[PDB]
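Throughout, numbering of the chain's residues begins at 1 and tracks the sequence. Atoms within a ligand are numbered from 1 in the order they appear, just like the ligands themselves. As a basis for the values below, the full set of heavy atoms in this structure was taken, side chains included, without hydrogen atoms, waters or symmetry mates.
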Amino acid sequence: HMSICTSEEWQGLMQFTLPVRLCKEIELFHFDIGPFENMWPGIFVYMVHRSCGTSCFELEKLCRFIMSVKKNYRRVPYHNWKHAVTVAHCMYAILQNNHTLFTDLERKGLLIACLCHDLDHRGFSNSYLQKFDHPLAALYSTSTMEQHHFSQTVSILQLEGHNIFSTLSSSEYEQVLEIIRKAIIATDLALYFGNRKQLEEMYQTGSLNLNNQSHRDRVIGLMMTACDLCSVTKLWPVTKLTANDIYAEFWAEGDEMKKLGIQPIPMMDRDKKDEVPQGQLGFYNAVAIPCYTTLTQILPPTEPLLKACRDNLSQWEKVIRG
Ligand SMILES: O=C1c2cccc3cccc(c23)C(=O)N1CCc1n[nH]c(=S)n1-c1ccccc1
Ligand SMILES: [Mg+2]
Ligand SMILES: [Zn+2]
């Protein structure tokens with residue numbers, strides 16, 4: 001039950017070359033992929049080749065994976081193909097600015113994870129699936145969709161000529177799958193709040209340590225959160241357009257709850273558009289600012305994400321003042 005990409009799709013990606021005026025600007029954290037839709041698969045190829053190397057994966061296998069991943073994202077307002085690449089980009093930028101801090105296997109795994117991290121998203125949250133006993137909620141009682149997103153990733157790997165990790169040893173093959181499983185489960189915001197508070201307490205008391213494996217998972221978790229909300233780190237007008245995509249997805253989920261007769265949460269209620277500014281202002285103070293605050297403390301090169309998130313909070317404060 002997986003959509004296989006066509007032969008022309010992946011062939012055309014192999015022959016794609018990134019224009020030189022973009023080479024410079026893909027390295028910048030604030031980079032917006034939005035205006036280059038046709039170039040997204042090739043932008044993921046480029047980022048892989050720059051981070052891990054031109055001989056990292058077999059180009060033929062890699063272009064099948066990417067284009068099959070694209071075909072298994074749905075046409076929903078926010079959690080879609082665009083989002084996957086935007087998240088992969090933010091990781092690339094982070095990884096590029098802290099390169100030798102991570103392994104080849106970790107660099108390999110996290111970009112692959114970011115591209116697959118919302119595979120086959122239906123536009124619905126964990127709470128919606130659990131409340132109306134959806135089959136996927138019966139299968140995965142906690143972090144529902146995220147487990148499915150890992151399970152979808154593993155299925156693409158298992159397709160014919162798609163397994164980019166084939167050439168790793170069976171030991172490294174199961175290492176990088178645990179990196180991918182862990183990184184994709186971390187994208188559930190329900191986990192972020194636990195993760196961040198720990199890292200701050202670890203940081204402030206001086207006990208945070210990167211050769212400590214338990215801590216690598218927590219730092220990778222925060223990076224995966226940092227990337228998943230990177231729409232709040234782009235230039236003001238871009239961040240405002242991505243916000244509309246998000247609410248459109250929340251409001252469709254609202255409509256489904258109103259059909260069954262249940263008042264949704266304000267964030268998912270299209271009649272409470274007035275409060276949205278107070279909703280963003282809250283999200284930045286309670287989630288986003290604290291996220292990049294702790295990320296920049298661990299990885300000082302990731303500061304531009306904190307700066308852009310603050311600059312957008314200012315804009316959200318000006319919105320409320322009229
Ligand atoms: O839920 C998300 C959200 C989830 C996942 C990725 C996101 C990326 C960017 C912005 C948002 C999100 C975002 O803005 N909101 C919440 C915004 C919001 N609108 N109304 C209320 S209330 N809130 C809110 C949610 C959490 C904390 C504070 C406010
Ligand atoms: Mg998700
Ligand atoms: Zn996501």
Side-chain angles (χ1 to χ4, degrees), residues 32 69 72-74 76-91 110-111 113-129 136 140 142-153 180-193 196 221 223-234 236 238-254 263-292 305 308-309 312-313 315-317 319-320:
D32 180 14
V69 166
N72 294 306
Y73 277 97
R74 309 205 178 191
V76 288
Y78 174 69
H79 283 105
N80 54 32
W81 178 232
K82 183 172 179 166
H83 177 63
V85 175
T86 307
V87 173
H89 164 260
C90 190
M91 186 60 82
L110 298 174
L111 292 166
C114 285
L115 191 72
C116 307
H117 86 287
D118 282 315
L119 268 171
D120 188 49
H121 213 288
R122 287 93 192 285
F124 296 115
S125 73
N126 285 337
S127 284
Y128 178 95
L129 293 160
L136 300 182
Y140 315 107
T142 67
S143 295
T144 312
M145 291 294 292
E146 287 70 47
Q147 290 187 250
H148 183 66
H149 298 319
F150 168 64
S151 179
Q152 287 277 302
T153 311
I180 289 167
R181 189 185 59 75
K182 287 167 186 197
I184 294 168
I185 299 294
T187 56
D188 188 3
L189 253 186
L191 309 183
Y192 156 77
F193 294 97
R196 188 263 169 184
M223 289 156 42
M224 287 296 285
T225 305
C227 295
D228 206 29
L229 319 183
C230 77
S231 69
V232 312
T233 63
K234 310 298 182 178
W236 167 236
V238 172
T239 301
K240 229 281 150 158
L241 283 176
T242 305
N244 297 165
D245 297 295
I246 291 158
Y247 286 112
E249 194 168 310
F250 290 157
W251 299 337
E253 184 169 335
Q263 153 103 149
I265 70 194
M267 168 183 128
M268 288 176 184
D269 189 332
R270 66 174 57 246
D271 302 353
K272 288 166 181 185
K273 284 173 208 207
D274 290 342
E275 298 183 43
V276 161
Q278 191 65 200
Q280 295 282 302
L281 193 80
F283 185 80
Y284 284 56
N285 298 320
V287 196
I289 296 286
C291 176
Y292 303 106
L305 296 168
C309 180
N312 288 337
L313 176 73
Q315 294 278 15
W316 286 115
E317 290 173 343
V319 162
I320 298 159

Evaluate side-chain contact (heavy atoms from CB on, under 4.5 Å) for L305 paired with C90, printing each intermediate quantity in order.
-> CA-CA 9 Å; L305 296 168; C90 190; 3.9 Å; yes
Begin with the C-alpha distance, continue with both residues' side-chain angles, and end with the deciding distance and a verdict on side-chain contact (heavy atoms from CB on, under 4.5 Å) for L229 and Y292.
-> CA-CA 10 Å; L229 319 183; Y292 303 106; 3.7 Å; yes
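Annotation: atom 25 (C) of ligand 1 to nearest protein heavy atom, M267 SD, 3.9 Å. For atom 8 (C) of ligand 1, the closest non-hydrogen atom on the protein side is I246 CD1, 3.8 Å. Nearest protein heavy-atom neighbour of atom 4 (C) of ligand 1: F250 CZ, 4.1 Å. The protein heavy-atom contact nearest to atom 14 (O) of ligand 1 is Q280 NE2, 2.6 Å.
Ligand-side atoms of ligand 1 in range of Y247: 17 (C), 18 (C), 19 (N), 20 (N), range being under 4.0 angstrom from any heavy atom. Heavy-atom proximity to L229, at under 4.0 Å, picks out these atoms of ligand 1: 6 (C), 7 (C), 8 (C).
Residue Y128 forms a side-chain contact (heavy atoms from CB on, under 4.5 Å) with just one option from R122, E253, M268, and that option is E253.
For atom 26 (C) of ligand 1, the nearest non-hydrogen atom from the set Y284, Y78, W316, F283 comes from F283. Here the shortest heavy-atom distance to atom 29 (C) of ligand 1, taken over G279, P266, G282, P277, belongs to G279.
Residue contacts with ligand 1: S231 is placed with no nitrogen or oxygen under 3.5 Å of a nitrogen or oxygen of the ligand (distance criterion only).
With no hydrogens or angles considered, no side-chain donor-acceptor pair links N312 and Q280 at under 3.5 Å. Checking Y284 against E317 by side-chain atom types alone, no donor-acceptor pair falls below 3.5 Å.
Ring orientation note: the planes of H121 and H79 are close to parallel, at an angle under 30° on the 30°/60° scale. Taking the six-membered ring where the residue is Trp, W236 and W316 present perpendicular rings, their angle passing 60° and hence far from 30°.
Between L115 and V85, the closest side-chain pair of non-hydrogen atoms falls below 4.5 Å. In this structure, the side chains of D269 and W251 stay at 4.5 Å or more apart for every pair of heavy atoms.
For the Mg ion (ligand 2), the N/O/S atoms of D118 include one lying under 2.8 Å.
For the Zn ion (ligand 3), the count of nearby protein N, O or S atoms, meaning those under 2.8 Å away, is 4.
Within the 3.5 Å criterion, the main-chain N or O of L281 finds a donor-acceptor partner in the side chain of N285.
Judged as a side chain to side chain donor-acceptor pair (under 3.5 Å), and not counting sequence neighbours, the contacts of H148 are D120.
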